[PDB]
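Anchor point for the sequence shown: position 51 equals 51 in the deposited numbering, and the numbering is continuous, going up by one each time. From the three backbone atoms N, C-alpha and C, an ideal C-beta is built for every residue, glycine too.
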Amino acid sequence: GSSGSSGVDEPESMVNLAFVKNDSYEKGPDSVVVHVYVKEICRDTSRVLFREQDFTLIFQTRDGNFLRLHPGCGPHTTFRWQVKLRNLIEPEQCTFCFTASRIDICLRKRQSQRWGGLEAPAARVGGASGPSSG
Numbered sequence: 001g002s003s004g005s006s007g008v009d010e011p012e013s014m015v016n017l018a019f020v021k022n023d024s025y026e027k028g029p030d031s032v033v034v035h036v037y038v039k040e041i042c043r044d045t046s047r048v049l050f051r052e053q054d055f056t057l058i059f060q061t062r063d064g065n066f067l068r069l070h071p072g073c074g075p076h077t078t079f080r081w082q083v084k085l086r087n088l089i090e091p092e093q094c095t096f097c098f099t100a101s102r103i104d105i106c107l108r109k110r111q112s113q114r115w116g117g118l119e120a121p122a123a124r125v126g127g128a129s130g131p132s133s134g
């Protein structure tokens, strides 16, 4: 086949976040603001991809507070946060801008309907308890 000098490059090398401490509130009619808890972020190597039925947030943080949470990684480690929006959206109007110690992402939905959860659900999982402290 072929070895080397490939074309597209998968984010493999990059790390994909599974859970990011943030808070999104229902704004305007179809507006949705998101507040990501993180500091010491690089606005130079940190961007946000607004899809039609999703939205990925790539940013490299160097805050021991945020890093400590994710072991094995570092400040130079790329973090990709992909979210599956149950309902469609308008990325052409979406915007991404970092804040003091948090990130702000304006998500413009299509229509004014109930989302019942920012991120799409999935098979239930309980099993033996863990960190869940009384």
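Rounded to the nearest whole angstrom, the CA to CA distance from residue 101 to residue 48 is 17 Å. Between the alpha carbons of residue 31 and residue 112 lies a gap of roughly 9 Å. Residue 40 places its beta carbon 9 Å or farther from that of residue 88. Exclusion of the five residues before and after residue 120 leaves 84, 85, 86 as the residues of its chain whose Cβ lies within less than 8 Å of its Cβ. Per DSSP, reduced to three states, the secondary structure at residue 67 is helical. Excluding the 5 residues flanking it on each side, residue 63 has same chain C-beta neighbours closer than 7 Å at 38, 39, 40, in chain order.
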